[PDB]
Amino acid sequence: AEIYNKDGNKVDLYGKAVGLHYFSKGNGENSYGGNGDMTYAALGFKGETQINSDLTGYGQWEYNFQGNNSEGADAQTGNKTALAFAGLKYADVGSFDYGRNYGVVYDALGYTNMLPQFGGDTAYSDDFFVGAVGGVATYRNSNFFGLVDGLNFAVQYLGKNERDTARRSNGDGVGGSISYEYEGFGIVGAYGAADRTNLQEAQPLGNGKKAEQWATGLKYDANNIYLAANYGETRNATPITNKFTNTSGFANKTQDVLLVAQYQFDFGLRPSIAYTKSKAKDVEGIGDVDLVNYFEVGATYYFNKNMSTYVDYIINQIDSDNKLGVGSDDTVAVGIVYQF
C-alpha cells in the first residue's frame, strides 16, 4: 500500500496474513503438500525515486514470517528474507539491479506459477536461476531499447555462493531470457548455466561441473482467460532426495512440463485447472523416476483486492512405489488471505 509519496520518492509498504491449512492423511510423511497449519504472513517495502525525467532508483525488500511455529525453539522455522535488491532504470536503456532476486529462468517459469497455493514446483529457491537466489546482477530491457514494442530481454550474472549446504550453494554462472508479447499472447525463452561448487560435486546424487536450467513459456492472457504452458529441462540442477537410502544431491537431468488454465469471472470467482510433471532421468541407482506428477483443481474467490479465499486441490499421480520416496497422497489446502 502506498504510504509515502512526496518530493519524487514513493514507498509502498505491503504485506498479508494468510490463514492456511493443508488436509492430507497419515503421519504426514506420504502426501504432496503435508498436513496441518501452514499459516504465514509477509512484509516488505517497494520504493522508487524519480532521480530525474529519465532516471529512476528503486529498492525492494520482502520477508516471510511463518505463522505456524510456536514461540519456543522452532520460532524461526521457515522465516527468511525473500527479496533484497536495489537498482537504477534509465529511459529505454535498461535497468540494472543487484541483490537477492528472482533468477532469469523464472522469467519463463512465472507463466505457470499462478495457482491458488500450489504449482510452480520447479521454481526452487536458492537453486541457480529458477527461483529466488542471492548475489545476482540482473540487466533487463523493455521493448528493445524502445524500438520494438513488446520485445524484452534480460541477462543475469550469478556470483558464487559457497554455503554450508550443497542444496543452497552455487558457483559463478550466466543466464538470460528473451520474450515477446502481442495482444494477450506471450512467448518466453530462458536459459542459465553455472559452475557447481566442490560440495555439490561431493554429493552422491549428480555428476557434472556445470548446472544447466532452461524453460520455454507460452501464454494467452486477456478476455478474463489465462492459459499457460512451460517446457523445460535441467542438468545437475534440480535438488533431489532418496528417502530410502537417505542420500542427497541433484538429478542428472530433468524434463519438466506445466500447464495451467484459469478463468476470472467478474463476480470474483477464478476456477483453476492445472497439470504438472517433472521427471528425473539417469538418477544413480534408480534411472528414470518421477519427482512431480499431478492434476490440480481449485478456485480463488476475490472479495476485492485486499481479501480473498481459496481451495487448492492436488490430485497426486506419483505412485506409492516411487523409487525416491516422493509422496503419493493428495493434498487439499484451504486459505483466507488479507493483503495490502
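So that there is no doubt, residue numbering starts at 1 and follows the sequence shown.
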query: Mean Cα B-factor comparison, 55 to 63 or 24 to 32, giving the higher one as deposited; finding: 24 to 32
query: Higher-B stretch (mean Cα B-factor, as the entry records it), 245 to 253 or 260 to 268; finding: 245 to 253
query: From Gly159, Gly206, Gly120, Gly87, residue of greatest CA B-factor; finding: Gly206
query: Top Cα B factor in the deposited entry, candidates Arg100, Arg140, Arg196, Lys80; finding: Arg196
query: Ranked against its chain, the third holding the CA B-factor of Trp214; finding: middle
query: Chain third (lowest, middle, highest) by recorded CA B-factor, residue given as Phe153; finding: lowest
query: Relative C-alpha B-factor of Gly19, binned into the chain's lowest, middle or highest third; finding: lowest
query: Entry-reported Cα temperature factor of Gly285, expressed as the chain third it lands in; finding: highest
query: Position of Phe144 among the chain's modelled residues by C-alpha B-factor, lowest, middle or highest third; finding: lowest
